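To start, the structure itself, in structure tokens.
Lettered A, B, C, D, E, F, G, H, I, J, K, L, M, N, O and P in written order, each chain numbered from 1.
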Amino acid sequence: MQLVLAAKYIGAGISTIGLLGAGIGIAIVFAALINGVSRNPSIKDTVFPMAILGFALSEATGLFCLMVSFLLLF
Amino acid sequence: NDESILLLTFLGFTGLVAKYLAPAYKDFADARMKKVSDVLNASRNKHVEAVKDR
Amino acid sequence: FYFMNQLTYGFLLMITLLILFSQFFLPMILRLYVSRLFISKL
Amino acid sequence: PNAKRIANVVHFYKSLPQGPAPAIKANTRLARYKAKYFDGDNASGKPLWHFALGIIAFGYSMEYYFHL
Amino acid sequence: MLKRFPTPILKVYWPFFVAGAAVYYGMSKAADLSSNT
Amino acid sequence: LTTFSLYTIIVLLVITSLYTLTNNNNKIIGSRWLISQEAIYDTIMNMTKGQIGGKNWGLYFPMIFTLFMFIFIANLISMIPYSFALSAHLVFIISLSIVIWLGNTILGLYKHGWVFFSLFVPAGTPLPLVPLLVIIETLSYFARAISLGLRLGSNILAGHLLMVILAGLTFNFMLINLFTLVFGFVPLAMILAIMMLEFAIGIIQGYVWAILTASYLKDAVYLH
Amino acid sequence: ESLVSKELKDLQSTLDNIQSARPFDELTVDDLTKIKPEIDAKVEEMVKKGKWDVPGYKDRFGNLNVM
Amino acid sequence: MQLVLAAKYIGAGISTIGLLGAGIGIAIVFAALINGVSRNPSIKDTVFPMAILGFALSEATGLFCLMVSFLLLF
Amino acid sequence: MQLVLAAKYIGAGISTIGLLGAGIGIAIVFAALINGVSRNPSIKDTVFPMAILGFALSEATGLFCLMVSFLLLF
Amino acid sequence: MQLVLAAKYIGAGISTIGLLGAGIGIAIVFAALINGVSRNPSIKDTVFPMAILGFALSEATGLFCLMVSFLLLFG
Amino acid sequence: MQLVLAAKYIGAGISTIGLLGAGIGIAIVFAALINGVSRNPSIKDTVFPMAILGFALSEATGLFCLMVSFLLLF
Amino acid sequence: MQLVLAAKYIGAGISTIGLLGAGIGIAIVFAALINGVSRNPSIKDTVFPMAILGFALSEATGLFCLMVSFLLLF
Amino acid sequence: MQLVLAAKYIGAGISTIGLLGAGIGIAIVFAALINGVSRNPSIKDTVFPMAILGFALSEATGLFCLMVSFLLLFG
Amino acid sequence: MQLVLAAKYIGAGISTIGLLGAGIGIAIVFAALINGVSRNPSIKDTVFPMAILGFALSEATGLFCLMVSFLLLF
Amino acid sequence: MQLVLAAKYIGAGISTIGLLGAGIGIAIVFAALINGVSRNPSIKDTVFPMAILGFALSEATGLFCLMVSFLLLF
Amino acid sequence: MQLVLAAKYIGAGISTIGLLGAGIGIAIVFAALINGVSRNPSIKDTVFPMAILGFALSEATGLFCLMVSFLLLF
């Protein structure tokens, strides 16, 4: 019983890197966003809310990752 | 048996071989055979047509 | 164990196919090659 | 000039007229298998299958020698 | 049946005959030196 | 009597059974059985013509033929279910690989003496890392040897083990209740397409053997 | 003037067989090497050199290979 | 059997890194969308449903991932 | 004695990442689908059956992965 | 004997996540297939068969993964 | 008892590596930054604020990762 | 000894995810084949062995990893 | 308390490889930097600062990662 | 000593999967080979003899991990 | 006391494999060097100091990984 | 004990997958060399050296990896 909280701690340790994908995901949105704009410069109004839409509910996976990490931390 | 199951798959497989590849292989050999026989007949035809020139 | 038996018959057949293919079966087909060539080339 | 015509008349003098020496009848207890199976009409693949039939027996027979 | 053609391999493929015999002899040493495991 | 001795007997009689009974008594027209050997001759011919590409290129052309057909035939014999596999032994195939690799080293040493070790630099480097490359792919120098046979032996061994294990899998899954035959046909067609893959993993791996050791003859024989 | 007295009847008699004596779909290299030893002579000296490449073959006869 | 809930906890821990794939992929969907409208601005209303379809059903894989994490968590 | 179902649970956790690519790979198909219609809007209804084919069969693997996880759970 | 089957269960756990490769694989196959038909209309019916060759020619590699996870789980 | 702190140690060890993603992610944005200025030099003020935006809010997820690491540490 | 066959079994499990290499690998062989036959439809036979050779090299490397499984599975 | 410096050592070991993120990371910046200067020759001194900026507080991943290890080395 | 052979077994299991590098590498070499030869058609036997060289040099270092899989194990 | 250096050994083992990202890093820098100076051969002395600059201060960071390995070994 | 030699074997197992990135990276070096010189043949003599500069010292760094296994394994 003095190990199940220790196992919660180490399971919170390797619940961490599910947002690893978030770390290498939402970022490339901006990569394509620059290729969205530096190719065709008159399109900022079309794609910048489109890119924040693509950002938010792709980061949401990293949110889900670390919130299961927090509730397995506690 | 364990290996008569591979015999079952092998019977169906060689049946599908004789379904798909072996008629295509047969008519591929037909195409090559017609090509070789036609050019070999045409070479001798031009050869025998050349003898009349003299 | 029996590495010698498979190695023995396998090397005998490797030497067999080397000498056999070389002196027999490749030039029996190259016969057909040069035959069709000196019929068509004439 | 000379060489093509003379090579032709050497080539067309001894070659046999009607496709002679037909050899449509010969046997050595295995060439009949070949003439039925491998010559200019059929050349069907099934003999290798029939040959595969032998190995269909043979490993089974060796199974019949080994485990059965 | 078939016409036997003298095509050269003896004075042509000597390192592979030598390598076959050498792996034969070295493997005979290996299976007469190490096969007691 | 040895089973593998008789398997080599099977190999040699298949190979005798590819030209002699293929021969419709020296008909030049090249019948259906002879177009296959025609095609194999052609597609190894146009392979090694371009690979080594030298004035002395055909001398090894029977060898690059006799390394192929031995692997072309013996890896189509154990496609028969009731048989035992020929190239499954890493002993025998790695033996043939060490034979061909040692033959290449001996042919190259006999042909090019002291400076044969200058194969081991591909092109120009700066000076303070020259020795680097030499030891950089030293495993390939001898790692090449084990890999050339180990590839084909691993393919053969794991494929025959795949066919035995999955035939036993479809056997052992179907001694339970009679509903197990209902939609249990997708493993059967899976092993059937595995046999479609297995003709490929014989023939194309033999072609791999041919092209890799033809590359190795270009490595050893010619000075680049 | 006496040159043509045999040469004219020669090639007409030669074409007289050539329209009637062609086993072209059933020819045999036995009979060929029996009349043309130049075939096996070039084959033998060719392999003794090692020119496995058969030049001038592909342009009129397809290579029919895998690639 | 005080170990089994600890094992549930670590097994729920490394069941949350199966969304690394989702956390990359559902961002590359809008990345290629942004690269799609910036090459042809006239087709915006046809590329947006396709992107959001493949996006949503995509996110459903990471949702399957953390719902396996949930039903393993309890 | 109690190690068995505890190990079942951690084995289902470490098999969860079977659909890891599932989240990605799929996003790549629809990625090219958008990049099949930006450069060529005339051909969409011919290639969208091919794309739903790839998406469906493309995900059939992650389906195999989590049904392995489910029958490992049961 | 109660230690071996629990390790078999975790072994079929870790021997599942190799079809990660197949799931990425047939995906990028169809990605280039759509890039093949998209830039070239009249190539589809020629290279779609080859791609379905390229669709199940490697897909079975990942199957090898789970057949380990069929046998090591069960046998 | 004297085991949960060692569990905290190794759990902080395994939780560290999610900043791989941020360690990748901001880089691709800078890559796209130099793929914006190189093939369209007269764009900078529309893309470089957008790029440092993407930089900050994709780096923040990896910062969440290693702050989870140190809060689990101490 | 009752421990070690179980260790063989989990070693075979962690040995199985090297055919990940072949699964990603032979795909882009076919992918390069299709992107190369697309912009050049009359080189296909000329590039068909060049493709499938590489297939039979990468496929076979997948068949390295699981044979290490099998002589650990047996 | 004898197990714990050992666990600190392997916890340093697993927390070493996040600097994987550095080894890819700045390199792909340099990837584009060469495609920033090869594709456009007269723009080096405009974009080489951005690249070195794209160097410096990128390589932070690595730094932040291994100083974790150092605060598991001494602390 | 009834455990060290279990350890060399799972050491072979974890050192199986360095061939992920080879299974990616020779495939992407031949991928670039196909996409280079279909671009420039008359260079086949000029880049093909070093495509096979790059294959060899990616096999060279995808095989130290296999010889670690062997000489550890035997 | 007979366990701390065992953890040193497997800790060196896990702390080995961060040079995997250092490998690719250096590999590419030169890959973009090829695909830059190939299509533009006049820029070479303009690039190749900077380029090998862009080599050096990457690699050494990967060297950090194995120097960690030596400080975990002696 | 006998645990330290067992831990040595599993450490030599994990410590060999760091050349993974090296085997990927030198392959994309030859990949870029193909797509550089199958664009522009005449530059081969200029870049096939430099590429195989950039090949080799992008590999030995990764082939530090097994050396760290080597001294661990012996």
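As a working rule, contacts are C-beta pairs under 8 Å (C-beta built on N, C-alpha and C of every residue); 3 or more make two chains touch, one makes a residue touch a chain.
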Common touching chains of subunit O and subunit F
P
Note: of the two pairs F-P and J-L, more contacts are counted for J-L
Subunit G to subunit O: how many Å between their CA centres?
68
For subunit D and subunit L, what's the span in angstrom between their mean Cα positions?
42
Could you work out how far the Cα centre of subunit L sits from that of subunit P, in whole Å?
19
In whole angstrom, what separates the CA-based centres of subunit D and subunit H?
64
Subunit P: positions in contact with at least two other chains:
3, 6-7, 10-14, 16-24, 26-29, 31-33, 35, 37, 39, 48, 53, 55, 57, 59, 62-63, 69
Quick check on subunit D: which residues sit in contact with 2+ other chains?
4, 8-9, 11-12, 52, 56, 59, 63
Multi-chain contact residues (two or more partners), subunit F:
19, 25, 27-32, 35, 38, 59, 61-63, 80-82, 95, 99, 122, 200, 211
Residues of subunit A that touch subunit H when the two form their complex:
1, 3-4, 6-8, 10-15, 17-22, 24-26, 28-29, 31-33, 35-37, 39-40, 43, 46-47, 50-51, 53-55, 57-59, 61-62, 64-65, 68-69, 72
Could you please specify the touching residues of subunit D with respect to subunit F in the complex?
23, 33-34, 38-40, 43, 51-52, 55-60, 62-63
Report the residues of subunit G in contact with subunit B in the complex, numbered from low to high.
7, 11, 14-15, 18-19, 22, 24-25, 60-62, 64
Spell out the part of subunit L that touches subunit G in their complex, as residue ranges.
45-46, 48-49
Where on subunit F is subunit D touching in the complex?
3, 10, 17, 21-22, 24-25, 27, 29, 31-33, 77, 80-84
